[PDB]
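*Asks:* Residue numbers (the authors' numbering): 1 to 69. For each residue, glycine too, the CB sits at the ideal point set by N, CA and C.
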Amino acid sequence: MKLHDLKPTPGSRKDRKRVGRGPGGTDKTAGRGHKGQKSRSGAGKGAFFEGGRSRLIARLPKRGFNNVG
RNA sequence: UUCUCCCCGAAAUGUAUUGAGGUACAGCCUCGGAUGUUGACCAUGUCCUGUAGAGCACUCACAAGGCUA
Ligand SMILES: [Mg+2]
Ligand SMILES: [Mg+2]
Ligand SMILES: [Mg+2]
Ligand SMILES: [Mg+2]
Ligand SMILES: [Mg+2]
Ligand SMILES: [Mg+2]
Ligand SMILES: [Mg+2]
Ligand SMILES: [Mg+2]
Ligand SMILES: [Mg+2]
Ligand SMILES: [Mg+2]
Ligand SMILES: [Mg+2]
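1) Since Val19 and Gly36 should fall inside the 8 angstroms C-beta cutoff, what is the C-beta to C-beta distance between them, to a whole number of angstroms?
2) With a threshold of 6 angstroms (Cβ to nearest heavy atom), would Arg40 be considered close to ligand 3?
3) Rounding to the nearest angstrom, what Cα-Cα distance links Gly46 and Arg55 in this structure?
4) Under the three-state reduction of DSSP, which class applies to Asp27: helix, strand or coil?
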């Protein structure tokens with residue numbers, strides 16, 4: 001058939017965010033707002049009072065059956 | 001921190017922080033889905049309040065006389 005007339009399903013393919021690159025969209029700061037937002041990123045489940053700091057009740061093992069309703 | 005036009009559009013508040021020009025959560029923005037008038041204004045009904053004013057009935061302050069250990 002027409003290898004030139006292969007067409008990807010509309011949708012599916014979508015273009016990448018090219019970030020820097022102009023006051024036509026997402027200019028100077030690259031979607032980042034003028035901040036203490038700077039390259040070498042550091043943290044993901046942390047603030048400093050942590051509060052995932054509730055207490056624990058603990059067993060080690062487990063074992064279980066395959067189910068056949 | 002570099003190419004274009006189109007649509008919407010904020011925050012500089014709260015609480016926490018060896019925290020205070022940083023950060024977490026919330027708040028406020030946008031997008032898609034769901035409901036689908038529950039939103040907005042203004043009206044009537046109803047309930048709550050101690051400010052403006054005022055007043056000395058209590059507390060404190062206080063002006064001229066009277067009576068008076
Ligand atoms: Mg864009
Ligand atoms: Mg800068
Ligand atoms: Mg670096
Ligand atoms: Mg507009
Ligand atoms: Mg507190
Ligand atoms: Mg701060
Ligand atoms: Mg947030
Ligand atoms: Mg929506
Ligand atoms: Mg409603
Ligand atoms: Mg209504
Ligand atoms: Mg008054």
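*Replies:* Considering the structure as presented:
1) The Cβ separation is near 19 angstroms, so there is no contact.
2) Yes, Cβ of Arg40 sits closer than 6 angstroms to a heavy atom of ligand 3.
3) Between the alpha carbons of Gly46 and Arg55 lies a gap of roughly 17 angstroms.
4) It is coil, neither helix nor strand.
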